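# Residue-level structural notes
Residues per chain are reported as follows:
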Amino acid sequence: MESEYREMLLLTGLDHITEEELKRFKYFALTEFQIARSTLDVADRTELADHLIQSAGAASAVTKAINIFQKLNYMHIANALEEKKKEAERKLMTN
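Right, let's walk through the structure included here. (Residues numbered from 1 in each chain as written, not as in the entry; some residues may be left out. Heavy atoms only, no water.)

### A short note on the pattern of salt bridges
Following the criterion strictly, the structure yields three salt bridges and no others. With a closest N to O distance of 3.4 Å, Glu87 and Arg90 form a salt bridge. Here the residue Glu87 and the residue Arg90 both occupy positions in helix α5 (residues 78-91), the gap between them amounting to three residues, near one helical turn. Given the relative accessible area of 39%, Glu87 is considered partly exposed. Residue classification places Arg90 among the exposed residues on the basis of a relative accessible area of 57%. (Salt bridge = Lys/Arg side-chain N within 4 Å of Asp/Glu carboxyl O. Helix = DSSP H or I, 4+ residues; strand = E, 2+ residues; numbered from the N terminus. Buried < 20%, exposed > 50% of the residue type's maximum accessible area, 1.4 Å probe, protein only.)

Structure (C-alpha cells):
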C-alpha cells in the first residue's frame, strides 16, 4: 500500500545519513513544524512518514521529499529511490 511507499522510501535515507546532516533535512523540509529531535529515533518509519502527510499529503509529500533530500545530502543515492515511484504509480490505482 501507500504506507509502504512512504515508510520505506524515507527510512532508506534516514538509515544512510548521519546525525549532523540529519539536522539539515528536518530544518529544510520542516521549517515551521520543528520536528522533535527525540522522535528522530523512529522518525524514519513512524514519525517522518505520518508527519509529512499532515503537511501536504501521503503521495504528494513523499514525491517532493525526493527533490529536497537528493539536492541536500545524497543526490546520488536518492536517484535510486525516485525510480521506485514508477512502480508506486500503479500501487495507487488499487485498494
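### Some remarks on the packing of aromatic side chains
Each aromatic ring pair is summarised here by two numbers: the centre-to-centre distance and the angle between the ring planes. The full count for this structure, using the stated rule, is one aromatic pair. Ring centres of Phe25 and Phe69 lie 5.4 Å apart, and the angle between their planes is 90°; on these two criteria the pair is classed as edge-to-face. With a gap of 44 residues between them, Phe25 in helix α2 (residues 19-29) and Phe69 in helix α4 (residues 58-74) connect regions that are remote in the sequence. Overall, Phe69 belongs to the buried group, its relative accessible area being 11%. (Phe/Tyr/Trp six-rings, centres within 6.5 Å; stacked < 30°, edge-to-face > 60°.)

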